[PDB]
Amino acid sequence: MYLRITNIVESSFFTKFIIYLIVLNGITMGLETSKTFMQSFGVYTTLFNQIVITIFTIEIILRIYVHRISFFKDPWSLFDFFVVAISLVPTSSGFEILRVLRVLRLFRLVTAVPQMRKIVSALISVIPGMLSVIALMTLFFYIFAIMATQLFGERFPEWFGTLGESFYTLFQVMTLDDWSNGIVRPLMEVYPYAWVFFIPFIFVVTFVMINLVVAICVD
């Protein structure tokens, strides 16, 4: 019976039947957004949802016999596994992000369809070459996040009052979002020299960021 199902699993029909369901459950997840629609056909789509969820566990079950160990060394398969597992946690208890995390299954459209996998893989592959930079920056953030917390966090606890808070604010300065009128012009009303902290911070972080982009256009 092994080869019987191994022929079902590897079938073009099977994979295309899956891709057909993702597009249906996705279209249907956009509809669950409408408070109007849920009042009409909510029950329609709640069942349809649970239906697809079963089909998806069946597939993942079927897919596992055919591949066994090979399956748990496949990124795309591991994913699919975890994205359905999430979709299995009972519509109750614990946290309700799990209810919301269910929409992550539409990323199976990324998994089930090549070229997407290609493009995704293409992107991801660029990350290891960046890890030296990324490491560098996080040390840098961490160092400044600490200084800022202990330099501005007393008078300005919304923005720098906590280590995590400083992280957030520093990220925001880095994205250059309302950084001057929003954060630093205020700070200087109390700490005239704060510009001495943030302009060097900005150069460095934008510089590094420019290099990183340049590194991705070398490789």
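Numbering starts at 1 and runs along the sequence shown.
Visitor: Look up the CA B-factors in the entry and say which stretch, 36 to 44 or 168 to 176, has the higher mean.
Guide: The deposited B-factors put 36 to 44 ahead on the C-alpha mean.
Visitor: Mean C-alpha B-factor higher for 206 to 214, or for 8 to 16?
Guide: If you average the C-alpha B-factors of 206 to 214 and of 8 to 16, the larger mean comes out for 8 to 16.
Visitor: Going by the deposited entry, which of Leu187, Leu163, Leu151, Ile64 has the highest CA temperature factor?
Guide: Within the set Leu187, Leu163, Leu151, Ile64, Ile64 shows the top C-alpha B-factor.
Visitor: Quick one: which of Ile60, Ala194, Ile27, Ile183 has the biggest Cα B-factor according to the entry?
Guide: In this record, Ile60 carries the highest C-alpha B-factor of the candidates.
Visitor: With respect to C-alpha B-factor, does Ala145 fall in the lowest, middle or highest third of the chain as deposited?
Guide: Lowest third.
Visitor: Which third, lowest, middle or highest, does the C-alpha temperature factor of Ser93 belong to within its own chain?
Guide: For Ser93, whose C-alpha B-factor we compare with every modelled residue in the chain, the answer is the highest third.
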